[PDB]
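Trainee: Input file: start-v5.csv. Contents: CSV, N, CA and C atoms.
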```csv
chain,number,residue,atom,x,y,z
A,1,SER,N,72.8,211.8,74.6
A,1,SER,CA,71.3,211.6,74.7
A,1,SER,C,70.9,210.2,74.7
A,2,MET,N,69.6,210.0,75.1
A,2,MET,CA,69.1,208.6,75.1
A,2,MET,C,69.0,208.1,73.7
A,3,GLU,N,68.6,209.0,72.7
A,3,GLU,CA,68.5,208.5,71.3
A,3,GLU,C,69.9,208.0,70.8
A,4,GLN,N,71.0,208.7,71.1
A,4,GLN,CA,72.4,208.2,70.6
A,4,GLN,C,72.7,206.9,71.2
A,5,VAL,N,72.4,206.7,72.5
A,5,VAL,CA,72.5,205.4,73.2
A,5,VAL,C,71.7,204.2,72.5
A,6,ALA,N,70.5,204.5,72.2
A,6,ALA,CA,69.5,203.6,71.5
A,6,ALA,C,70.1,203.2,70.1
A,7,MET,N,70.7,204.2,69.4
A,7,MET,CA,71.2,204.0,68.1
A,7,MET,C,72.5,203.1,68.2
A,8,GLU,N,73.3,203.5,69.2
A,8,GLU,CA,74.5,202.6,69.5
A,8,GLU,C,74.2,201.2,69.9
A,9,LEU,N,73.0,201.0,70.6
A,9,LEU,CA,72.6,199.6,70.9
A,9,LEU,C,72.2,198.8,69.6
A,10,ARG,N,71.5,199.5,68.7
A,10,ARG,CA,71.2,199.0,67.3
A,10,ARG,C,72.4,198.6,66.5
A,11,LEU,N,73.4,199.5,66.5
A,11,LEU,CA,74.7,199.3,65.8
A,11,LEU,C,75.4,198.1,66.5
A,12,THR,N,75.4,198.0,67.8
A,12,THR,CA,76.0,196.9,68.5
A,12,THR,C,75.3,195.6,68.1
A,13,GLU,N,74.0,195.6,68.1
A,13,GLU,CA,73.3,194.4,67.7
A,13,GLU,C,73.5,194.0,66.2
A,14,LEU,N,73.6,195.0,65.4
A,14,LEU,CA,74.0,194.7,63.9
A,14,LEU,C,75.4,194.0,63.9
A,15,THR,N,76.3,194.6,64.7
A,15,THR,CA,77.7,194.0,64.7
A,15,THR,C,77.6,192.6,65.2
A,16,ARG,N,76.8,192.3,66.2
A,16,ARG,CA,76.7,190.9,66.6
A,16,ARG,C,76.2,190.0,65.5
A,17,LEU,N,75.1,190.4,64.8
A,17,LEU,CA,74.6,189.6,63.7
A,17,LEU,C,75.6,189.4,62.6
A,18,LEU,N,76.3,190.5,62.2
A,18,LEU,CA,77.3,190.5,61.2
A,18,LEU,C,78.5,189.7,61.6
A,19,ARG,N,78.9,189.7,62.8
A,19,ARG,CA,80.0,188.7,63.3
A,19,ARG,C,79.6,187.3,63.0
A,20,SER,N,78.3,186.9,63.2
A,20,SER,CA,77.9,185.5,63.0
A,20,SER,C,77.8,185.3,61.4
A,21,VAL,N,77.3,186.2,60.7
A,21,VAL,CA,77.3,186.1,59.2
A,21,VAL,C,78.8,185.9,58.7
A,22,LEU,N,79.7,186.7,59.3
A,22,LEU,CA,81.1,186.6,58.8
A,22,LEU,C,81.7,185.2,59.1
A,23,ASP,N,81.4,184.7,60.3
A,23,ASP,CA,81.9,183.3,60.6
A,23,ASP,C,81.3,182.3,59.7
A,24,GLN,N,80.0,182.4,59.4
A,24,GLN,CA,79.4,181.4,58.5
A,24,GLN,C,79.9,181.5,57.1
A,25,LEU,N,80.3,182.7,56.6
A,25,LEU,CA,80.8,182.9,55.2
A,25,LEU,C,82.2,182.3,55.1
A,26,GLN,N,83.0,182.6,56.1
A,26,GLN,CA,84.3,182.2,56.1
A,26,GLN,C,84.4,180.6,56.2
A,27,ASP,N,83.4,179.9,56.8
A,27,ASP,CA,83.4,178.5,56.8
A,27,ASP,C,83.2,177.9,55.4
A,28,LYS,N,82.7,178.7,54.5
A,28,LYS,CA,82.5,178.3,53.1
A,28,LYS,C,83.8,178.5,52.3
A,29,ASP,N,84.9,178.8,53.0
A,29,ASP,CA,86.3,179.0,52.5
A,29,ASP,C,87.3,178.1,53.3
A,30,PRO,N,87.1,176.8,53.3
A,30,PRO,CA,87.9,176.0,54.2
A,30,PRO,C,89.4,176.0,53.9
A,31,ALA,N,89.7,176.2,52.6
A,31,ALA,CA,91.1,176.3,52.1
A,31,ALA,C,91.8,177.6,52.6
A,32,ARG,N,91.0,178.6,53.2
A,32,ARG,CA,91.6,179.8,53.6
A,32,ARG,C,92.2,180.7,52.5
A,33,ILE,N,91.7,180.6,51.3
A,33,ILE,CA,92.2,181.3,50.2
A,33,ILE,C,91.9,182.8,50.4
A,34,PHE,N,90.8,183.1,51.1
A,34,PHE,CA,90.4,184.6,51.3
A,34,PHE,C,90.6,185.1,52.7
A,35,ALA,N,91.2,184.4,53.5
A,35,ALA,CA,91.5,184.8,54.9
A,35,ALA,C,92.3,186.0,55.1
A,36,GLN,N,93.3,186.3,54.3
A,36,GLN,CA,94.2,187.4,54.5
A,36,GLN,C,94.4,188.3,53.2
A,37,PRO,N,94.8,189.5,53.3
A,37,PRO,CA,95.1,190.3,52.1
A,37,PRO,C,96.1,189.6,51.2
A,38,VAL,N,95.9,189.7,49.9
A,38,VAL,CA,96.9,189.3,48.9
A,38,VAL,C,98.2,190.0,49.2
A,39,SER,N,99.3,189.2,49.4
A,39,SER,CA,100.6,189.7,49.7
A,39,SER,C,101.3,190.5,48.6
A,40,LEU,N,101.7,191.8,48.8
A,40,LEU,CA,102.3,192.6,47.8
A,40,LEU,C,103.7,192.2,47.6
A,41,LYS,N,104.3,191.5,48.7
A,41,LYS,CA,105.6,190.8,48.5
A,41,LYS,C,105.5,189.7,47.5
A,42,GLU,N,104.5,188.8,47.6
A,42,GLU,CA,104.3,187.7,46.7
A,42,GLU,C,103.6,187.9,45.3
A,43,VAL,N,102.7,189.0,45.2
A,43,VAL,CA,102.1,189.4,44.0
A,43,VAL,C,102.4,190.9,43.9
A,44,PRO,N,103.6,191.3,43.5
A,44,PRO,CA,104.0,192.8,43.6
A,44,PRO,C,103.2,193.7,42.6
A,45,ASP,N,102.7,193.1,41.5
A,45,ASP,CA,101.9,193.9,40.6
A,45,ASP,C,100.3,194.0,41.0
A,46,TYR,N,99.9,193.4,42.1
A,46,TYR,CA,98.5,193.2,42.3
A,46,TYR,C,97.7,194.5,42.2
A,47,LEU,N,98.2,195.6,42.8
A,47,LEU,CA,97.4,196.8,42.8
A,47,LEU,C,97.3,197.5,41.4
A,48,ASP,N,98.1,197.1,40.5
A,48,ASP,CA,97.9,197.5,39.1
A,48,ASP,C,96.7,196.8,38.5
A,49,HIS,N,96.3,195.7,39.0
A,49,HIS,CA,95.1,194.9,38.6
A,49,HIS,C,93.9,195.2,39.4
A,50,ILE,N,94.0,195.2,40.7
A,50,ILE,CA,92.8,195.3,41.6
A,50,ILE,C,92.9,196.6,42.4
A,51,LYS,N,91.9,197.4,42.2
A,51,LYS,CA,91.9,198.7,42.9
A,51,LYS,C,91.4,198.8,44.3
A,52,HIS,N,90.5,197.9,44.7
A,52,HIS,CA,90.1,197.9,46.0
A,52,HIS,C,90.2,196.4,46.5
A,53,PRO,N,91.4,196.1,47.0
A,53,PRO,CA,91.6,194.7,47.6
A,53,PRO,C,90.7,194.5,48.9
A,54,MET,N,90.3,193.3,49.1
A,54,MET,CA,89.5,192.9,50.3
A,54,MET,C,89.8,191.5,50.6
A,55,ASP,N,89.6,191.2,51.9
A,55,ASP,CA,89.8,189.9,52.4
A,55,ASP,C,89.0,189.8,53.8
A,56,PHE,N,88.9,188.6,54.3
A,56,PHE,CA,88.2,188.4,55.6
A,56,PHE,C,88.8,189.0,56.8
A,57,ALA,N,90.1,189.0,56.9
A,57,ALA,CA,90.7,189.7,58.0
A,57,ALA,C,90.5,191.2,58.1
A,58,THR,N,90.5,191.8,56.9
A,58,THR,CA,90.3,193.3,56.8
A,58,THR,C,88.8,193.5,57.1
A,59,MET,N,87.9,192.7,56.7
A,59,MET,CA,86.4,192.8,57.1
A,59,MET,C,86.3,192.7,58.6
A,60,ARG,N,87.0,191.7,59.2
A,60,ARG,CA,86.9,191.5,60.6
A,60,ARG,C,87.4,192.8,61.4
A,61,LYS,N,88.4,193.4,60.9
A,61,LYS,CA,88.9,194.6,61.6
A,61,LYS,C,87.8,195.7,61.5
A,62,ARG,N,87.2,195.9,60.4
A,62,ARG,CA,86.2,196.9,60.2
A,62,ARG,C,85.0,196.6,61.1
A,63,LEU,N,84.6,195.3,61.2
A,63,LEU,CA,83.5,194.9,61.9
A,63,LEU,C,83.7,195.3,63.4
A,64,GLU,N,84.8,195.0,64.0
A,64,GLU,CA,85.1,195.1,65.4
A,64,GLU,C,85.3,196.5,65.8
A,65,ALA,N,85.6,197.4,64.9
A,65,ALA,CA,85.4,198.8,65.1
A,65,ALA,C,84.0,199.3,64.8
A,66,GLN,N,83.0,198.4,64.8
A,66,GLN,CA,81.6,198.8,64.4
A,66,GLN,C,81.6,199.7,63.1
A,67,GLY,N,82.4,199.4,62.1
A,67,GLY,CA,82.5,200.1,60.9
A,67,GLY,C,81.5,199.8,59.8
A,68,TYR,N,80.6,198.7,60.0
A,68,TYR,CA,79.5,198.5,59.1
A,68,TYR,C,78.2,199.1,59.6
A,69,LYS,N,77.7,200.1,58.9
A,69,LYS,CA,76.4,200.8,59.4
A,69,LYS,C,75.2,200.0,59.0
A,70,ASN,N,75.3,199.1,58.0
A,70,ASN,CA,74.1,198.4,57.5
A,70,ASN,C,74.7,197.1,56.8
A,71,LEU,N,73.8,196.2,56.5
A,71,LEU,CA,74.2,195.0,55.8
A,71,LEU,C,74.7,195.2,54.4
A,72,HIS,N,74.1,196.2,53.7
A,72,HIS,CA,74.6,196.6,52.3
A,72,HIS,C,76.1,196.9,52.3
A,73,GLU,N,76.6,197.6,53.3
A,73,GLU,CA,78.1,197.9,53.4
A,73,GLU,C,78.9,196.6,53.5
A,74,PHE,N,78.5,195.7,54.3
A,74,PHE,CA,79.1,194.4,54.6
A,74,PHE,C,79.1,193.6,53.3
A,75,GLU,N,77.9,193.5,52.7
A,75,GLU,CA,77.8,192.7,51.4
A,75,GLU,C,78.7,193.3,50.3
A,76,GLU,N,78.9,194.6,50.3
A,76,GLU,CA,79.8,195.3,49.3
A,76,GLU,C,81.2,194.7,49.4
A,77,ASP,N,81.7,194.6,50.7
A,77,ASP,CA,83.0,194.1,51.0
A,77,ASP,C,83.1,192.6,50.7
A,78,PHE,N,82.1,191.8,51.0
A,78,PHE,CA,82.1,190.4,50.6
A,78,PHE,C,82.2,190.2,49.1
A,79,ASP,N,81.4,191.0,48.4
A,79,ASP,CA,81.4,190.9,46.9
A,79,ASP,C,82.7,191.3,46.4
A,80,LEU,N,83.5,192.3,47.0
A,80,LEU,CA,84.8,192.6,46.5
A,80,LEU,C,85.8,191.4,46.6
A,81,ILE,N,85.7,190.7,47.7
A,81,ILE,CA,86.5,189.4,47.9
A,81,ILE,C,86.4,188.5,46.6
A,82,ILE,N,85.1,188.2,46.3
A,82,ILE,CA,84.8,187.3,45.2
A,82,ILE,C,85.1,188.0,43.9
A,83,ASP,N,84.7,189.2,43.7
A,83,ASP,CA,84.8,189.8,42.3
A,83,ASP,C,86.3,190.1,42.0
A,84,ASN,N,87.1,190.4,43.0
A,84,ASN,CA,88.5,190.7,42.7
A,84,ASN,C,89.2,189.4,42.3
A,85,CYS,N,88.9,188.3,43.0
A,85,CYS,CA,89.5,187.0,42.6
A,85,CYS,C,89.1,186.5,41.3
A,86,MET,N,87.8,186.7,40.9
A,86,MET,CA,87.4,186.3,39.6
A,86,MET,C,87.9,187.1,38.4
A,87,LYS,N,88.4,188.3,38.7
A,87,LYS,CA,89.1,189.1,37.6
A,87,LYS,C,90.6,188.7,37.6
A,88,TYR,N,91.3,188.7,38.7
A,88,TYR,CA,92.7,188.5,38.8
A,88,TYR,C,93.1,187.1,38.3
A,89,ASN,N,92.3,186.1,38.7
A,89,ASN,CA,92.6,184.7,38.4
A,89,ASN,C,91.8,184.2,37.2
A,90,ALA,N,92.3,183.3,36.4
A,90,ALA,CA,91.6,182.8,35.3
A,90,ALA,C,90.6,181.7,35.7
A,91,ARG,N,89.6,181.5,34.9
A,91,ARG,CA,88.6,180.5,35.2
A,91,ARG,C,89.1,179.1,35.6
A,92,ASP,N,90.2,178.6,35.0
A,92,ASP,CA,90.7,177.3,35.2
A,92,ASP,C,91.7,177.2,36.4
A,93,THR,N,91.5,178.0,37.5
A,93,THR,CA,92.4,178.0,38.6
A,93,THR,C,91.6,177.6,39.9
A,94,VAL,N,92.4,177.1,40.8
A,94,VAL,CA,91.8,176.8,42.1
A,94,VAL,C,91.3,178.0,42.8
A,95,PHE,N,91.9,179.2,42.6
A,95,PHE,CA,91.5,180.4,43.2
A,95,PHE,C,90.1,180.9,42.6
A,96,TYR,N,90.0,180.9,41.3
A,96,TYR,CA,88.7,181.3,40.7
A,96,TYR,C,87.6,180.4,41.2
A,97,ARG,N,87.9,179.1,41.1
A,97,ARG,CA,86.9,178.1,41.5
A,97,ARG,C,86.4,178.2,43.0
A,98,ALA,N,87.4,178.5,43.8
A,98,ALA,CA,87.1,178.7,45.2
A,98,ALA,C,86.1,179.9,45.4
A,99,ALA,N,86.4,181.0,44.7
A,99,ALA,CA,85.5,182.1,44.7
A,99,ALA,C,84.1,181.8,44.3
A,100,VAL,N,83.9,181.0,43.2
A,100,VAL,CA,82.6,180.7,42.7
A,100,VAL,C,81.8,179.9,43.8
A,101,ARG,N,82.5,179.0,44.5
A,101,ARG,CA,81.9,178.1,45.5
A,101,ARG,C,81.5,179.0,46.8
A,102,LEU,N,82.4,179.9,47.1
A,102,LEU,CA,82.1,180.9,48.2
A,102,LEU,C,80.9,181.8,47.9
A,103,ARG,N,80.8,182.3,46.7
A,103,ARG,CA,79.7,183.1,46.2
A,103,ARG,C,78.4,182.3,46.3
A,104,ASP,N,78.4,181.1,45.7
A,104,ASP,CA,77.2,180.3,45.7
A,104,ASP,C,76.7,179.9,47.0
A,105,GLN,N,77.6,179.4,47.9
A,105,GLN,CA,77.3,179.0,49.2
A,105,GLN,C,76.9,180.2,50.1
A,106,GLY,N,77.6,181.3,50.0
A,106,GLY,CA,77.4,182.5,50.8
A,106,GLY,C,76.1,183.1,50.5
A,107,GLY,N,75.6,183.0,49.3
A,107,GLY,CA,74.3,183.5,48.8
A,107,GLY,C,73.1,183.1,49.7
A,108,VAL,N,73.1,181.9,50.2
A,108,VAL,CA,72.1,181.3,51.1
A,108,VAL,C,72.1,182.0,52.4
A,109,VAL,N,73.3,182.2,52.9
A,109,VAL,CA,73.5,182.8,54.3
A,109,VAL,C,73.1,184.3,54.2
A,110,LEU,N,73.5,184.9,53.2
A,110,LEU,CA,73.1,186.4,53.0
A,110,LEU,C,71.6,186.6,52.7
A,111,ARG,N,71.0,185.7,52.1
A,111,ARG,CA,69.6,185.7,51.8
A,111,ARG,C,68.8,185.8,53.2
A,112,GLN,N,69.2,185.0,54.2
A,112,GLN,CA,68.5,185.0,55.4
A,112,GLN,C,68.9,186.2,56.3
A,113,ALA,N,70.2,186.5,56.3
A,113,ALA,CA,70.7,187.7,57.0
A,113,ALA,C,69.8,188.9,56.6
A,114,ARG,N,69.5,189.1,55.3
A,114,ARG,CA,68.8,190.2,54.9
A,114,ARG,C,67.4,190.3,55.5
A,115,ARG,N,66.8,189.1,55.6
A,115,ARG,CA,65.5,188.9,56.2
A,115,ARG,C,65.6,189.3,57.8
A,116,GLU,N,66.7,188.8,58.4
A,116,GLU,CA,66.9,189.1,59.9
A,116,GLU,C,67.2,190.5,60.2
A,117,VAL,N,67.9,191.2,59.3
A,117,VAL,CA,68.2,192.6,59.5
A,117,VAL,C,66.9,193.5,59.3
A,118,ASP,N,66.1,193.2,58.3
A,118,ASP,CA,64.8,193.8,58.1
A,118,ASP,C,63.8,193.5,59.3
A,119,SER,N,63.7,192.2,59.6
A,119,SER,CA,62.8,191.7,60.7
A,119,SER,C,63.1,192.3,62.0
A,120,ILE,N,64.3,192.1,62.6
A,120,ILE,CA,64.7,192.8,63.9
A,120,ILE,C,65.0,194.3,63.8
A,121,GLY,N,65.0,194.9,62.6
A,121,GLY,CA,65.1,196.3,62.5
A,121,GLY,C,66.6,196.7,62.5
```
Go ahead and express the file in the form of structure tokens.
Mentor:
Amino acid sequence: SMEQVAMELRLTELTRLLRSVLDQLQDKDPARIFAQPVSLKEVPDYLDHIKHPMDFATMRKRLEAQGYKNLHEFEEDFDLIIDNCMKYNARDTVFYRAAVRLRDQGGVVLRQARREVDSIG
């Protein structure tokens, strides 16, 4: 149908906007602490601690399959990156501190994305 096409164009345009949000968020992680899944070879107990692992590469796979229906879904995944790190790692670690800086900086980017998603529909 023409409506399914129109909806597909909306999803494609969301995907374009989310791809730019994801690039901007990831620049706020220049150390690449959150670039890839925590390695189960290197942290073999990780899944005993963290039930829903997340990282930027896994987000990117989901994005390119147009797997985010709305900004809320995407934000949920970004929040998991941060929140998993702040539970697994102690406050006095380079890891925890990197998450805090990513959260604080990313907040700005996400504040305007929310306005852009509402604005452009």
Trainee: Each residue of segment 16-47 of chain A lying at most 7 Å from segment 105-113 of chain A should get a row with its shortest atom-to-atom pair and the distance in Å to one decimal, counting all atoms listed in the file; could you produce that, ordered by chain and increasing number, as JSON lines?
Mentor:
```
{"residue": "A:21", "atom": "CA", "partner": "A:109", "partner_atom": "C", "distance": 6.8}
{"residue": "A:24", "atom": "C", "partner": "A:106", "partner_atom": "CA", "distance": 6.9}
{"residue": "A:25", "atom": "CA", "partner": "A:106", "partner_atom": "CA", "distance": 5.6}
{"residue": "A:28", "atom": "CA", "partner": "A:106", "partner_atom": "N", "distance": 6.5}
```
Trainee: In terms of the shortest atom-to-atom distance over only C-alpha atoms, which of A:46, A:56, A:74, A:96 is closest to residue 17 of chain A?
Mentor: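 Smallest separation from residue 17 of chain A among the options: A:74.
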Trainee: For residue 66 of chain A, work out the shell of residues within 9 Å, counting only C-alpha atoms and skipping chain neighbours fewer than 6 positions away, then give it as a list in words.
Mentor: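 Everything that qualifies: residues 11, 12, 14 and 15 of chain A.
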Trainee: Tell me, in Å to one decimal, how far atom CA of residue 117 of chain A is from atom CA of residue 37 of chain A.
Mentor: 28.0 Å
Trainee: Determine which residues of chain A DSSP labels as helix (DSSP H, G or I) from the backbone of this structure, then write them out as an NGL selection string.
Mentor: :A and (2-27 or 46-49 or 56-64 or 71-88 or 94-119)
Trainee: What does the distance from atom C of residue 29 of chain A to atom CA of residue 64 of chain A come to in Å, to one decimal?
Mentor: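 Spanning atom C of residue 29 of chain A to atom CA of residue 64 of chain A is a straight-line distance of 21.0 Å.
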Trainee: Have a look at atom N of residue 7 of chain A and atom N of residue 55 of chain A and let me know their distance in Å, one decimal.
Mentor: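 Pair atom N of residue 7 of chain A / atom N of residue 55 of chain A returns 28.9 Å.
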Trainee: Output as JSON lines one row per residue of segment 28-54 of chain A within 9 Å of segment 75-89 of chain A: the closest atom pair and its distance in Å to one decimal place, counting only C-alpha atoms, sorted by chain and residue number ascending.
Mentor:
```
{"residue": "A:34", "atom": "CA", "partner": "A:81", "partner_atom": "CA", "distance": 7.1}
{"residue": "A:46", "atom": "CA", "partner": "A:88", "partner_atom": "CA", "distance": 8.2}
{"residue": "A:49", "atom": "CA", "partner": "A:88", "partner_atom": "CA", "distance": 6.8}
{"residue": "A:50", "atom": "CA", "partner": "A:84", "partner_atom": "CA", "distance": 6.4}
{"residue": "A:51", "atom": "CA", "partner": "A:84", "partner_atom": "CA", "distance": 8.7}
{"residue": "A:52", "atom": "CA", "partner": "A:80", "partner_atom": "CA", "distance": 7.5}
{"residue": "A:53", "atom": "CA", "partner": "A:84", "partner_atom": "CA", "distance": 7.0}
{"residue": "A:54", "atom": "CA", "partner": "A:81", "partner_atom": "CA", "distance": 5.2}
```
Trainee: Could you turn the residues from that selection into a file that holds N, CA and C atoms, as a compact mmCIF listing (two decimals), in the coordinates of the input?
Mentor:
```
# COMPACT_ATOMS: atom_id res chain seq x y z
N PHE A 34 90.80 183.10 51.10
CA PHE A 34 90.40 184.60 51.30
C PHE A 34 90.60 185.10 52.70
N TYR A 46 99.90 193.40 42.10
CA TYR A 46 98.50 193.20 42.30
C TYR A 46 97.70 194.50 42.20
N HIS A 49 96.30 195.70 39.00
CA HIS A 49 95.10 194.90 38.60
C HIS A 49 93.90 195.20 39.40
N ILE A 50 94.00 195.20 40.70
CA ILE A 50 92.80 195.30 41.60
C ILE A 50 92.90 196.60 42.40
N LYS A 51 91.90 197.40 42.20
CA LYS A 51 91.90 198.70 42.90
C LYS A 51 91.40 198.80 44.30
N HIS A 52 90.50 197.90 44.70
CA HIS A 52 90.10 197.90 46.00
C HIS A 52 90.20 196.40 46.50
N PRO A 53 91.40 196.10 47.00
CA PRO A 53 91.60 194.70 47.60
C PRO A 53 90.70 194.50 48.90
N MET A 54 90.30 193.30 49.10
CA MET A 54 89.50 192.90 50.30
C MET A 54 89.80 191.50 50.60
```
Trainee: Between A:31, A:67, A:90, A:26, which has the minimum distance to residue 103 of chain A (counting only C-alpha atoms)?
Mentor: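 Distance minimum relative to residue 103 of chain A lands on A:26.
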Trainee: Using only N, CA and C atoms, which residue out of A:71, A:62, A:121, A:27 lies closest to residue 10 of chain A?
Mentor: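 Of A:71, A:62, A:121, A:27, the one nearest residue 10 of chain A is A:121, counting only N, CA and C atoms.
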Trainee: Restricting the calculation to only C-alpha atoms, which member of A:32, A:114, A:48, A:19 is positioned closest to residue 94 of chain A?
Mentor: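 Among A:32, A:114, A:48, A:19, it is A:32 that comes nearest to residue 94 of chain A.
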